[PDB]
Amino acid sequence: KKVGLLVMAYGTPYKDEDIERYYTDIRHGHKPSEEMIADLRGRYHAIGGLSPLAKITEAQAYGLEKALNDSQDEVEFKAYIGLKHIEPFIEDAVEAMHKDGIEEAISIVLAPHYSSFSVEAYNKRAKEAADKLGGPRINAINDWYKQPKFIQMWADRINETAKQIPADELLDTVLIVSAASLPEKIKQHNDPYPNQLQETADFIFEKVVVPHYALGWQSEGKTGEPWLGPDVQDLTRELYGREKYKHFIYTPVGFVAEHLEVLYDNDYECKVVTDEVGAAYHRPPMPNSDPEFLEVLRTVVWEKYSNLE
């Protein structure tokens, strides 16, 4: 019998006409203003029109399914994609499993770190849909940044970039490790998210030749409350002011694909800052559907399945 593999991600507009309803969904059903829509649409336009996140997420979910099924024959996995803010929604994926007769599923979020605003909400929605339908039972993975192959993947990508920096400028190079920002109040309740990112930065740093590093956040939202900082743009300016770094290497390790928050918030907004101070910009390829990353996810899911049984 088959075990459902519920692969969850944020979602992205398929078409330009979808941007309004996607943004409305992000804002809990409250339609943004015309100025807010125009600004978002202009960011998608700046990165080429739309984001490739849709096809990357699919390649990741079906590449993971194939890696799992080609590596063993104790069980057959069947992947279902459930998205947070556009169809197929999380609830649609759970419905489809139930209608297919899946009785047992493992879920994974395509974000390696846990927080109350991200993975918690994914898991709450998946379990609430399964409770109503009467199945499947969902066994959730909460985080997986500690996976050794995950850390080694990012260190290899950073070391390949650093090898193309001149040896006499490596001492003036800094590795900026980042994730999506969240409201700062999550620290008041000891949410694990900021600690998990610091841990990820520490594990990577001990495996790369780059001698300096700093932790930052990015892509904070339009609210009137404080968000986790420093922002990667502001941190770049500060570090140039104190240390005069010549090379900035940005690894937004909270993300797993090349989407709007990397293509715009790093490759446009951070490059604007490195240009202003006169430093070089580097941003290694994201994991996307590269086989080494599919192997990270296969290890994570197969270890989860091994520990249930």
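Throughout, we count residues from 1 along the sequence that is shown.
> When the Cα temperature factors in the entry are averaged, is it 253 to 261 or 26 to 34 that ends up higher?
Looking at the record's C-alpha B-factors, the answer is 26 to 34.
> Comparing 262 to 270 with 239 to 247, where is the mean C-alpha B-factor higher?
The stretch with the larger mean CA B-factor is 239 to 247.
> If you check the C-alpha B-factor for each of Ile90, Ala201, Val109, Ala167 in the entry, which is highest?
Highest C-alpha B-factor among the listed options: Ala167.
> What's the residue among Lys146, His212, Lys187, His98 with the greatest CA temperature factor in the PDB record?
In the PDB entry, the greatest C-alpha B-factor among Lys146, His212, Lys187, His98 is found at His98.
> Going by the recorded CA B-factors, say which third of the chain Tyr122 sits in, lowest, middle or highest.
It belongs to the middle third of the chain when residues are ordered by C-alpha B-factor.
> C-alpha B factor of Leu40, ranked within the chain: lowest, middle or highest third?
CA B-factor rank for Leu40: middle third.
> State the tercile, meaning the lowest, middle or highest third, of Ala162 with respect to the CA B-factors recorded for its chain.
Highest third of the chain for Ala162's C-alpha B-factor.
> Would you mind ranking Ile56 by its C-alpha B-factor against the rest of the chain and naming the third, lowest, middle or highest?
Lowest third.
> Would the CA B-factor of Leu175 place it in the lowest, middle or highest third of its chain?
Tercile = lowest for this residue's CA B-factor.
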